[PDB]
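What follows is a single structure, written as structure tokens, with notes after it.
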Amino acid sequence: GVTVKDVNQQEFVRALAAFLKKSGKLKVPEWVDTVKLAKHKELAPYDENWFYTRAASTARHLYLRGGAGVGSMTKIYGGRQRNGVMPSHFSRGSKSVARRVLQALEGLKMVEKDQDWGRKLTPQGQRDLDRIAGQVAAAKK
Amino acid sequence: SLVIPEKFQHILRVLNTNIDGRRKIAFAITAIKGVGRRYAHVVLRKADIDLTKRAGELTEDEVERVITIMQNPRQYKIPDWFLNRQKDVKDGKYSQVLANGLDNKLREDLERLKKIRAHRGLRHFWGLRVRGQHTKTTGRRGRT
Amino acid sequence: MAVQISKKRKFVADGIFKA
Amino acid sequence: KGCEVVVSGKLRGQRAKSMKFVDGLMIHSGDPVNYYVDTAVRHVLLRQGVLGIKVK
Amino acid sequence: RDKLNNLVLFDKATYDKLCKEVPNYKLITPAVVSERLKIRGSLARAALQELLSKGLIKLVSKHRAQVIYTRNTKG
Amino acid sequence: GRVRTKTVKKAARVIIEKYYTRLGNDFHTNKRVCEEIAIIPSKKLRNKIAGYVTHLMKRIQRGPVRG
Amino acid sequence: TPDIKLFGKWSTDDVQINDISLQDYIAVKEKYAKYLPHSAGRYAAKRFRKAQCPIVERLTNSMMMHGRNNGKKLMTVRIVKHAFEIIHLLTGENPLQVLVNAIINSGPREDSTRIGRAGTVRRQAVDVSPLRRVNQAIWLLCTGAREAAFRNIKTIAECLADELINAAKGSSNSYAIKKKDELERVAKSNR
Amino acid sequence: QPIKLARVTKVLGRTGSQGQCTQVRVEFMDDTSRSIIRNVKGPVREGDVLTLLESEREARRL
Amino acid sequence: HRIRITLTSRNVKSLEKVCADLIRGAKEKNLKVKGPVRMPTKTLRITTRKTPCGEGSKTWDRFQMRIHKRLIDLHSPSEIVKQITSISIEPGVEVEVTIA
Amino acid sequence: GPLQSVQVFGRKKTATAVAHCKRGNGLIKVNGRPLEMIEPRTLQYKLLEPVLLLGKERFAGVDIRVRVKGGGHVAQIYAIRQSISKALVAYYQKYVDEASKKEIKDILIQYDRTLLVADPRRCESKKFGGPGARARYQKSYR
RNA sequence: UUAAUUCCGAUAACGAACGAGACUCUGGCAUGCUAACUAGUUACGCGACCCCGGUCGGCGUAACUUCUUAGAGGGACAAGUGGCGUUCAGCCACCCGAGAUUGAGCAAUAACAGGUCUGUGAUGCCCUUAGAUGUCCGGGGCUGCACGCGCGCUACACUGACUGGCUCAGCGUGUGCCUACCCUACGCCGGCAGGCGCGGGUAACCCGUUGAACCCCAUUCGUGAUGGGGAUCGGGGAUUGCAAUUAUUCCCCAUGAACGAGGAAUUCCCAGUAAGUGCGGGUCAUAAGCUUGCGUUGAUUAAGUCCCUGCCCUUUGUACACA
């Protein structure tokens, strides 16, 4: 018996992003090739198919803690706003990226916008997530 | 693969600019005055160019097409809010500027505000701090 | 009382009142 | 148990003086001051200036 | 004073040194190989990753800060 | 830096002087008898006095302790 | 493993401190045998409590210095782990034994100081305590590896391996032995 | 000259300009009876070992 | 019946005697009591400069003001607990009897 | 079978960890995850030190859950390594021979006292005229 | 001898009072006590998923107070032992133990021509008192720049920058008297700063399990004033306001200055301390390079002295006493 918490949470995002790239039915926007991921960042993602990596990360965060909005996803993907010569501060992630990733995982039947706001995980999703966790456990065994 | 290929363009030329081949292509094409790391990476994306290569290893047809990409932004589906000259007073056209074209427009814009006698132009004539900096204790290496 | 102010503001209000 | 009266300000001239009248046992530091020592400070208006009254 | 100009890609005789020499060293690190062949750390890493996948040097530990290989055993 | 003050030593010496009959060599026994016989308003000062009583009376047994 | 506690994967027993003098102020064997350099501490509580800290932790503490790296013991533990791997490759000994030898070889015996017949002044020679010997031994080879790595391709783990190998040898190539011999020379020059 | 071991037997007093050197009575591990006085840097304890470069020179007692 | 008596006071031993008095009154009137639930103390903290001028060493005053909150929930018709809570009032504490 | 559970806590700093010992087989888990998937990985052996001291035979009969809150990464790891060690000792003092509990307690407290006794150190409060607890601002003359 | 005119010793002194201490708050300890639907836990029934178990901050109600909360008492005293000492006062080490010196608040007699009349409707005297030194209104200035100082922030890189991923805090604060301006979850729109929608909250109840940063893991870089550093400058876009030019602030692209660890001189500091790191409170329509608090990561060195700079005492000398 395997679930998501039994396996290394680092390579689990790689495994889901690989699975979701194989499916390739994930309503990926067209500004992907030109966008910066938060105002506190300086460059664009080094990786070229980053959307499916973030889709895997969002999905497993909705596994661990359900009822998350997009403001929770802007928070969770925060870092240092390195302000040149002034002291550094905390800055949130991008609203548009987190929102459209949740809506791409809604375009696919893998999340479910639950009552009391936010997105929960759908039975198909939890089944999917636990099965690929079993695949990841098998690969590392 | 890892040994120096023949016709390794050690010293490239993009708009009368002596660019290095030894530098990686994304961080090499930013030697042009008007393209940074940001604009370099998005253009080397827009032209389907593998940015795992050095600027010595890419082909001449790929240097030509990517120069056409850099001068022609909207012909290759790039945002309007990405440009360094947006909604100009004269042509009202949002257009990117390259190497010497910046130095042209910069010289024009300084002479422009100087002749129309704006206080901003007056501080630029006196060579002072123009964005309203306190100069009681700053900008001393400027005036010896 | 429908104005329904904080116990914090209520006690500093009573403090200045006596003062 | 012990008293302390000190009135300050200008007396007999222009230079400011400080008269102190004290007798008995009087504590200054520690916590017990907050529930043993009763203190009060007031101002008195005279024709040449102000004098201050501290009873302790 | 003095300056360092390492290779971005192998000279024929430098790659001939690498193909012959670096599997003789007891310590194989990109920093050691960078100094010992006049090659950028990018070239060093890429070359040692060839050498490993090829199946010639025995890796001991990988880490984002430090990647260490050794010469493979004899018997 | 553990030097006991006049209030500790004086009051401990007075309690040894009067109630030598009940005090002993054990700390917690004479702490309780000291609390019973003497009105000490704080608990720290109670433990300090009881602590001195069962050091002097551990030396009265030895020989010619002065004070 | 209820019997032996291999430091990550390095044996505790079969490491001997040859010098009788530095033996008490070097903790490597039998009770200071712990898996990690990392620990709680309380070695700055009383005077000679410090002597009981495993020398690997003493090295891990001394390493994290120069402002920007104050309190990064996890980064320092990975540096010591990588250094012990590299020592084992180039040497082939017990890395704990090589470290112990480098500590002994680096610690000075005599140092110069200002003394009395108070009036004027005088710079005479005096001994260093066996604690001061090991204290300055650690500091010297830490700062040696540090300043060697600054503006260089040779990574901090490699520079530490270089210093600890050459110091355990007694080379006069490690900053440790170089500076030791400078202090003992000046100490002689005015004794 | 051969390097010789002196053992601290009784710590006496602190010396130097800024109270920096511990002056200690040492008892030689080599000869049974010879006990001399030495100025020592750093912190020193009653009953540990020193490595003296010379075992003849003696520091001025105060 | 489920009625909520909360006591908000700046002084502690005052509040404790009122909490005791309402338990005494409740157990005598033979009705179910939920014991005095102690909500966290709020410490209103204001820190100013001492000197009226600015020609001294920079010394600050740290003024604190604790405020304590207890509540007892009872199972009683309004009347009897209303007459229990209409007696034995002191100036320190403040009362709230909440029905719903 | 009846209840054989003891909820026992370990604190090193603000952080706290309540180990829930119980009868069963050998499993140890922290917030659902097992021991060997609790990062940072650098302090892996800090979580294992109670296991590698006592062996896996003493944990044959007990299945110890741990719930953790507060502090940071290193404090939380020192909280949980303490918690499971106390939780087993408290189990062997209630349901097993005290000779067994005594043997385990002696084995741990000799290796490291920090396993059973909490570190009483807390981040000292700041005072004015300074950027920290004791540090003061740079004084200027002339 | 002590942190101490702190004590015990010698002793024409004995007994005392102020300041030190004691005291109040604070930090660490209780599987002992009183309590909990504005805090939980454990068991349970149910529900979802993986192959009987496993996971759940998915749902729900009988026990209990381990974790959270805050009340009452307890506990620690140089108390036990081994040394040193006039054998005293006390100091050093070691067991047991949650602590073997947590940190602040308060603070004497006497003084300074120290600061404040720009905190006061504390306030003597003087000035002015209609063309006002009263007050309102609209404009600018308080920032001006060959210059010399002082407090700070960011750096000089590989013990690093960039891009992903993984993972953990504690203090607070939050809708207003005149007073207008609150903290924000969530659903759509926009790359971004933002806009619109319905909600919760006068707060252990909602923002919130406050998914903070450093750190951690995996890449790209490779000793090059370089992807270090981000000053200066150009262009466009949002928000606050009745109004931003002498850019309020914030966002997007472009420009890429010195700076390669710092002369004389000098500062702060000994344990959860220095330092790195971010988060709250103050000011606040807008708003932190400041300050005042908070936690996270967490050391090297020292347990000493009168050499340096200060201040304090005793002896001695004096023709000084507004000294």
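Letters for chains follow the order of the structure tokens (A, B, ...), residue numbers begin at 1 for each chain, and ligand numbers begin at 1 in the order shown.
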Within 9 Å of residue 126 of chain G using only C-alpha atoms (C1' of nucleotides), minus same-chain residues under 4 positions, as a PyMOL selection string
(chain G and resi 109-113+187+191) or (chain H and resi 21+38-41+59)
TODO: List every residue of chain C that DSSP, applied to the backbone of this structure, assigns to alpha helix (DSSP H), and report them as a list in words.
DONE: residues 7, 8, 9, 10, 11, 12, 13, 14, 15, 16, 17 and 18 of chain C
Find the nearest atom pair between each residue of chain K and chain D for residues within 10 Å, count only C-alpha atoms (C1' of nucleotides), give distances in Å to one decimal, sort rows by chain and ascending number, and present the table as CSV.
```
residue,atom,partner,partner_atom,distance
K:17,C1',D:25,CA,6.5
K:18,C1',D:27,CA,6.7
K:19,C1',D:29,CA,8.1
K:22,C1',D:30,CA,8.9
K:23,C1',D:31,CA,5.1
K:24,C1',D:31,CA,5.6
K:105,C1',D:30,CA,8.9
K:106,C1',D:30,CA,5.0
K:107,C1',D:29,CA,4.5
K:108,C1',D:28,CA,7.8
K:113,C1',D:15,CA,9.2
K:122,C1',D:43,CA,7.6
K:123,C1',D:50,CA,6.5
K:124,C1',D:49,CA,4.3
K:125,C1',D:48,CA,8.5
```
Just write the chosen residues, C-alpha atoms (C1' of nucleotides), as a PDB file, in the first residue's frame.
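Result went into selection.pdb, see below:
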```pdb
ATOM      1  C1'   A K  17      17.030  53.992  58.622  1.00  0.00           C
ATOM      2  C1'   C K  18      17.706  55.533  52.900  1.00  0.00           C
ATOM      3  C1'   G K  19      20.315  53.560  48.352  1.00  0.00           C
ATOM      4  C1'   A K  22      14.274  42.102  49.333  1.00  0.00           C
ATOM      5  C1'   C K  23      10.038  43.826  45.941  1.00  0.00           C
ATOM      6  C1'   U K  24       6.676  43.741  40.910  1.00  0.00           C
ATOM      7  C1'   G K 105      10.952  47.895  35.962  1.00  0.00           C
ATOM      8  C1'   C K 106      12.019  50.900  40.127  1.00  0.00           C
ATOM      9  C1'   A K 107      16.233  53.821  42.269  1.00  0.00           C
ATOM     10  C1'   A K 108      19.721  57.487  47.619  1.00  0.00           C
ATOM     11  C1'   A K 113      23.352  78.531  35.475  1.00  0.00           C
ATOM     12  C1'   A K 122       2.061  75.354  33.495  1.00  0.00           C
ATOM     13  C1'   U K 123       4.097  80.368  33.294  1.00  0.00           C
ATOM     14  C1'   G K 124       6.875  86.250  35.696  1.00  0.00           C
ATOM     15  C1'   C K 125       8.490  90.362  32.879  1.00  0.00           C
TER      16        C K 125
END
```
Residues of chain J within 9 Å of chain A, only C-alpha atoms counted, as a ChimeraX atom specification
/J:32-34,37
With N, CA, C and O atoms kept, could you save the residues just selected as a JSON list (two decimals), in the first residue's frame?
```
[["chain", "number", "residue", "atom", "x", "y", "z"],
["J", 32, "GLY", "N", 2.00, 12.23, 9.05],
["J", 32, "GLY", "CA", 1.65, 11.29, 7.97],
["J", 32, "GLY", "C", 2.87, 10.66, 7.33],
["J", 32, "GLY", "O", 2.88, 9.42, 7.18],
["J", 33, "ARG", "N", 3.87, 11.47, 6.96],
["J", 33, "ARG", "CA", 5.16, 11.03, 6.36],
["J", 33, "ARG", "C", 5.91, 10.12, 7.33],
["J", 33, "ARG", "O", 5.76, 10.26, 8.54],
["J", 34, "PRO", "N", 6.74, 9.17, 6.84],
["J", 34, "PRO", "CA", 7.64, 8.40, 7.70],
["J", 34, "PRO", "C", 8.86, 9.24, 8.12],
["J", 34, "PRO", "O", 8.94, 10.38, 7.71],
["J", 37, "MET", "N", 11.66, 10.65, 5.29],
["J", 37, "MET", "CA", 11.18, 11.66, 4.31],
["J", 37, "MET", "C", 10.86, 12.99, 5.03],
["J", 37, "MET", "O", 10.08, 13.78, 4.46]]
```
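Near chain C, within 9 Å and counting only C-alpha atoms, the residues of chain I are residues 8, 10, 42, 44 and 67 of chain I.
Across the model, the gap from atom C1' of residue 87 of chain K to atom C1' of residue 7 of chain K is 16.8 Å.
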Taking only C-alpha atoms (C1' of nucleotides) into account, produce a table as CSV in which each residue of chain K with an atom at most 7 Å from an atom of chain H appears once, together with its shortest atom pair and the distance in Å to one decimal, ordered by chain and rising number.
```
residue,atom,partner,partner_atom,distance
K:304,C1',H:19,CA,5.7
K:305,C1',H:19,CA,4.0
K:307,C1',H:17,CA,4.8
```
Those selected residues, please, written with C-alpha atoms (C1' of nucleotides) and delivered as a PDB file, in the first residue's frame.
```pdb
ATOM      1  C1'   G K 304      41.341  37.817  33.622  1.00  0.00           C
ATOM      2  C1'   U K 305      43.724  42.588  34.740  1.00  0.00           C
ATOM      3  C1'   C K 307      48.733  48.370  30.635  1.00  0.00           C
TER       4        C K 307
END
```
Tell me, counting only C-alpha atoms (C1' of nucleotides), for each residue of chain I within 7 Å of chain K, which pair of atoms is nearest and how far apart they are in Å to one decimal, in rows ordered by chain and increasing number, as JSON lines.
```
{"residue": "I:35", "atom": "CA", "partner": "K:35", "partner_atom": "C1'", "distance": 5.3}
{"residue": "I:36", "atom": "CA", "partner": "K:35", "partner_atom": "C1'", "distance": 6.3}
{"residue": "I:37", "atom": "CA", "partner": "K:36", "partner_atom": "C1'", "distance": 5.4}
{"residue": "I:38", "atom": "CA", "partner": "K:70", "partner_atom": "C1'", "distance": 5.6}
{"residue": "I:39", "atom": "CA", "partner": "K:204", "partner_atom": "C1'", "distance": 6.2}
{"residue": "I:40", "atom": "CA", "partner": "K:69", "partner_atom": "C1'", "distance": 6.0}
{"residue": "I:52", "atom": "CA", "partner": "K:116", "partner_atom": "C1'", "distance": 6.6}
{"residue": "I:53", "atom": "CA", "partner": "K:116", "partner_atom": "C1'", "distance": 5.0}
{"residue": "I:55", "atom": "CA", "partner": "K:115", "partner_atom": "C1'", "distance": 5.1}
```
For this session: Can you pull out every residue within 9 Å of segment 48-54 of chain F, counting only C-alpha atoms (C1' of nucleotides), but drop anything in the same chain fewer than 3 positions away, and send it as a list in words?
Result: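 Skipping anything fewer than 3 positions along the chain leaves residues 4, 7, 8, 9, 11, 12, 13, 15, 16, 23, 24, 25, 26, 27, 28, 30, 31, 32, 33, 34, 35, 43, 44, 45, 57, 58 and 59 of chain F; 77 and 79 of chain K.
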*Polymer residues at most 12 Å from residue 90 of chain J, only C-alpha atoms (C1' of nucleotides), same-chain spacing of 3 or more positions, as a VMD selection string*: (chain J and resid 4 to 9 19 to 22 62 83 to 87 93 to 98 100 to 102 104 to 105 116) or (chain K and resid 31 66)
Check your understanding: What residues in segment 98-137 of chain A get the DSSP label strand (DSSP E)? Please answer as a ChimeraX atom specification.
Key -> /A:111-112,120-121
Which residues come within 10 Å of residue 126 of chain A, counting only C-alpha atoms (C1' of nucleotides), excluding same-chain residues fewer than 4 positions away, as a PDB file with C-alpha atoms (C1' of nucleotides), in the first residue's frame?
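Result file is selection-v1.pdb:
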```
ATOM      1  CA  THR A   3      -0.008   7.079  -0.841  1.00  0.00           C
ATOM      2  CA  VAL A   4       1.549  10.531  -1.709  1.00  0.00           C
ATOM      3  CA  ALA A  59      -2.555  19.641  -7.517  1.00  0.00           C
ATOM      4  CA  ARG A  60      -0.427  18.031  -4.699  1.00  0.00           C
ATOM      5  CA  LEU A  62      -4.693  20.772  -2.950  1.00  0.00           C
ATOM      6  CA  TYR A  63      -4.104  17.069  -1.936  1.00  0.00           C
ATOM      7  CA  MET A 110      -8.912  16.729 -11.370  1.00  0.00           C
ATOM      8  CA  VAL A 111     -10.081  19.588  -8.983  1.00  0.00           C
ATOM      9  CA  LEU A 121      -9.466  17.680  -4.929  1.00  0.00           C
ATOM     10  CA  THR A 122     -11.947  15.387  -6.849  1.00  0.00           C
ATOM     11  CA  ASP A 130      -2.138   8.011  -5.132  1.00  0.00           C
ATOM     12  CA  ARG A 131      -1.643   5.700  -8.214  1.00  0.00           C
TER      13      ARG A 131
ATOM     14  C1'   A K  48     -13.061   9.425  -0.166  1.00  0.00           C
ATOM     15  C1'   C K  49      -8.527   7.032  -2.284  1.00  0.00           C
ATOM     16  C1'   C K  50      -4.012   2.896  -2.497  1.00  0.00           C
TER      17        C K  50
END
```
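A straight line drawn from atom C1' of residue 285 of chain K to atom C1' of residue 180 of chain K is 9.5 Å long.
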- Message: Excluding residue 6 of chain D and its own-chain neighbours fewer than 2 positions away, which residues fall within 6 Å of it when counting only C-alpha atoms (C1' of nucleotides)? Please give them as an NGL selection string.
- Response: :D and (19-20 or 54)
Separation of atom CA of residue 143 of chain B from atom CA of residue 105 of chain B in Å: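 Between these atoms lies a distance of 26.2 Å.
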Check: Which is closest to chain J among I:13, I:1, I:45, I:62, if we use only C-alpha atoms?
Finding: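 Closest candidate: I:62.
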Quiz item: Taking only C-alpha atoms into account, which residues of chain G are within 10 Å of chain J, as an MDAnalysis selection string?
Solution: chainID G and resid 1:5 8 31:42 74:75 77:78
Please write the residues from the selection above to a file, keeping N, CA and C atoms, as an mmCIF file, in the first residue's frame.
```cif
data_model
loop_
_atom_site.group_PDB
_atom_site.id
_atom_site.type_symbol
_atom_site.label_atom_id
_atom_site.label_comp_id
_atom_site.auth_asym_id
_atom_site.auth_seq_id
_atom_site.Cartn_x
_atom_site.Cartn_y
_atom_site.Cartn_z
ATOM 1 N N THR G 1 22.489 0.165 14.982
ATOM 2 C CA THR G 1 23.848 -0.332 15.376
ATOM 3 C C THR G 1 24.061 -0.077 16.871
ATOM 4 N N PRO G 2 23.715 -1.035 17.768
ATOM 5 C CA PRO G 2 23.832 -0.813 19.214
ATOM 6 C C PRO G 2 25.257 -0.755 19.797
ATOM 7 N N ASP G 3 26.295 -1.060 19.003
ATOM 8 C CA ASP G 3 27.708 -1.175 19.467
ATOM 9 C C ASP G 3 28.524 0.034 18.981
ATOM 10 N N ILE G 4 28.754 0.157 17.667
ATOM 11 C CA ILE G 4 29.670 1.170 17.053
ATOM 12 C C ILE G 4 28.825 2.255 16.372
ATOM 13 N N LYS G 5 29.270 3.513 16.469
ATOM 14 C CA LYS G 5 28.566 4.717 15.952
ATOM 15 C C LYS G 5 29.451 5.381 14.892
ATOM 16 N N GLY G 8 28.661 9.352 10.189
ATOM 17 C CA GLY G 8 28.114 9.233 8.823
ATOM 18 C C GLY G 8 28.411 7.859 8.244
ATOM 19 N N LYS G 31 33.155 8.122 23.703
ATOM 20 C CA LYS G 31 31.981 8.816 24.313
ATOM 21 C C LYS G 31 31.574 10.058 23.503
ATOM 22 N N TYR G 32 32.512 10.700 22.797
ATOM 23 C CA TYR G 32 32.256 11.833 21.864
ATOM 24 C C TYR G 32 32.047 11.290 20.442
ATOM 25 N N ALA G 33 31.890 9.965 20.313
ATOM 26 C CA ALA G 33 31.502 9.250 19.076
ATOM 27 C C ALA G 33 30.022 9.517 18.783
ATOM 28 N N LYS G 34 29.748 10.472 17.890
ATOM 29 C CA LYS G 34 28.379 10.893 17.487
ATOM 30 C C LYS G 34 28.294 10.883 15.958
ATOM 31 N N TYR G 35 27.075 10.784 15.419
ATOM 32 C CA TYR G 35 26.791 10.563 13.975
ATOM 33 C C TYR G 35 27.005 11.864 13.191
ATOM 34 N N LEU G 36 26.602 13.003 13.769
ATOM 35 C CA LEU G 36 26.614 14.341 13.113
ATOM 36 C C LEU G 36 27.584 15.273 13.835
ATOM 37 N N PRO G 37 28.193 16.257 13.127
ATOM 38 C CA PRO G 37 28.835 17.395 13.785
ATOM 39 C C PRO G 37 27.816 18.232 14.575
ATOM 40 N N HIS G 38 26.596 18.367 14.043
ATOM 41 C CA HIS G 38 25.492 19.191 14.607
ATOM 42 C C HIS G 38 25.088 18.662 15.991
ATOM 43 N N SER G 39 24.780 19.577 16.917
ATOM 44 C CA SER G 39 24.308 19.302 18.303
ATOM 45 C C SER G 39 23.756 20.594 18.924
ATOM 46 N N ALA G 40 23.240 20.518 20.155
ATOM 47 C CA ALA G 40 22.655 21.659 20.901
ATOM 48 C C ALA G 40 23.776 22.596 21.369
ATOM 49 N N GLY G 41 24.713 22.075 22.171
ATOM 50 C CA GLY G 41 25.923 22.785 22.628
ATOM 51 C C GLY G 41 25.983 22.912 24.141
ATOM 52 N N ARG G 42 25.791 24.134 24.656
ATOM 53 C CA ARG G 42 25.978 24.524 26.083
ATOM 54 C C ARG G 42 27.443 24.295 26.484
ATOM 55 N N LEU G 74 24.215 23.873 8.829
ATOM 56 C CA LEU G 74 23.775 22.841 7.846
ATOM 57 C C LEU G 74 24.678 22.884 6.605
ATOM 58 N N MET G 75 24.941 24.081 6.066
ATOM 59 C CA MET G 75 25.865 24.303 4.917
ATOM 60 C C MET G 75 27.286 23.888 5.314
ATOM 61 N N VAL G 77 28.117 21.646 7.762
ATOM 62 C CA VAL G 77 28.089 20.164 7.970
ATOM 63 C C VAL G 77 28.282 19.462 6.616
ATOM 64 N N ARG G 78 27.668 19.967 5.536
ATOM 65 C CA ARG G 78 27.779 19.364 4.176
ATOM 66 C C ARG G 78 29.203 19.580 3.638
#
```
- Item | H:33, H:46, H:52, H:25 ranked by distance to residue 4 of chain H, top pick (using only C-alpha atoms) |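 Among the listed residues, H:52 lies closest to residue 4 of chain H.
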Residue 4 of chain I: which residues within 7 Å, counting only C-alpha atoms (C1' of nucleotides), same-chain residues fewer than 2 positions away excluded, as an MDAnalysis selection string? chainID I and resid 2 6 71:74 97:99
Closest contacts (chain J/chain K, max 9 Å, only C-alpha atoms (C1' of nucleotides)) as JSON lines:
```
{"residue": "J:6", "atom": "CA", "partner": "K:66", "partner_atom": "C1'", "distance": 7.9}
{"residue": "J:7", "atom": "CA", "partner": "K:66", "partner_atom": "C1'", "distance": 5.1}
{"residue": "J:8", "atom": "CA", "partner": "K:66", "partner_atom": "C1'", "distance": 6.1}
{"residue": "J:9", "atom": "CA", "partner": "K:67", "partner_atom": "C1'", "distance": 7.3}
{"residue": "J:14", "atom": "CA", "partner": "K:170", "partner_atom": "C1'", "distance": 8.2}
{"residue": "J:15", "atom": "CA", "partner": "K:169", "partner_atom": "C1'", "distance": 8.9}
{"residue": "J:16", "atom": "CA", "partner": "K:67", "partner_atom": "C1'", "distance": 8.0}
{"residue": "J:17", "atom": "CA", "partner": "K:67", "partner_atom": "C1'", "distance": 8.0}
{"residue": "J:18", "atom": "CA", "partner": "K:67", "partner_atom": "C1'", "distance": 6.3}
{"residue": "J:32", "atom": "CA", "partner": "K:55", "partner_atom": "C1'", "distance": 6.9}
{"residue": "J:39", "atom": "CA", "partner": "K:167", "partner_atom": "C1'", "distance": 7.3}
{"residue": "J:40", "atom": "CA", "partner": "K:216", "partner_atom": "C1'", "distance": 5.8}
{"residue": "J:41", "atom": "CA", "partner": "K:216", "partner_atom": "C1'", "distance": 8.1}
{"residue": "J:42", "atom": "CA", "partner": "K:216", "partner_atom": "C1'", "distance": 8.6}
{"residue": "J:69", "atom": "CA", "partner": "K:168", "partner_atom": "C1'", "distance": 8.4}
{"residue": "J:70", "atom": "CA", "partner": "K:169", "partner_atom": "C1'", "distance": 6.1}
{"residue": "J:71", "atom": "CA", "partner": "K:169", "partner_atom": "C1'", "distance": 5.2}
{"residue": "J:72", "atom": "CA", "partner": "K:168", "partner_atom": "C1'", "distance": 4.4}
{"residue": "J:73", "atom": "CA", "partner": "K:168", "partner_atom": "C1'", "distance": 5.3}
{"residue": "J:74", "atom": "CA", "partner": "K:297", "partner_atom": "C1'", "distance": 8.3}
{"residue": "J:76", "atom": "CA", "partner": "K:168", "partner_atom": "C1'", "distance": 7.9}
{"residue": "J:117", "atom": "CA", "partner": "K:98", "partner_atom": "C1'", "distance": 7.5}
{"residue": "J:118", "atom": "CA", "partner": "K:98", "partner_atom": "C1'", "distance": 7.5}
{"residue": "J:119", "atom": "CA", "partner": "K:98", "partner_atom": "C1'", "distance": 8.8}
{"residue": "J:120", "atom": "CA", "partner": "K:28", "partner_atom": "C1'", "distance": 5.2}
{"residue": "J:121", "atom": "CA", "partner": "K:272", "partner_atom": "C1'", "distance": 5.6}
{"residue": "J:122", "atom": "CA", "partner": "K:272", "partner_atom": "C1'", "distance": 5.8}
{"residue": "J:123", "atom": "CA", "partner": "K:272", "partner_atom": "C1'", "distance": 5.4}
{"residue": "J:124", "atom": "CA", "partner": "K:103", "partner_atom": "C1'", "distance": 7.1}
{"residue": "J:125", "atom": "CA", "partner": "K:103", "partner_atom": "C1'", "distance": 7.3}
{"residue": "J:126", "atom": "CA", "partner": "K:293", "partner_atom": "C1'", "distance": 7.1}
{"residue": "J:127", "atom": "CA", "partner": "K:104", "partner_atom": "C1'", "distance": 8.5}
{"residue": "J:128", "atom": "CA", "partner": "K:292", "partner_atom": "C1'", "distance": 7.2}
{"residue": "J:133", "atom": "CA", "partner": "K:273", "partner_atom": "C1'", "distance": 7.6}
{"residue": "J:134", "atom": "CA", "partner": "K:269", "partner_atom": "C1'", "distance": 7.0}
{"residue": "J:135", "atom": "CA", "partner": "K:268", "partner_atom": "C1'", "distance": 5.7}
{"residue": "J:136", "atom": "CA", "partner": "K:268", "partner_atom": "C1'", "distance": 5.5}
{"residue": "J:137", "atom": "CA", "partner": "K:268", "partner_atom": "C1'", "distance": 6.8}
{"residue": "J:138", "atom": "CA", "partner": "K:267", "partner_atom": "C1'", "distance": 5.4}
{"residue": "J:139", "atom": "CA", "partner": "K:267", "partner_atom": "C1'", "distance": 6.5}
{"residue": "J:140", "atom": "CA", "partner": "K:150", "partner_atom": "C1'", "distance": 7.1}
{"residue": "J:142", "atom": "CA", "partner": "K:150", "partner_atom": "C1'", "distance": 9.0}
```
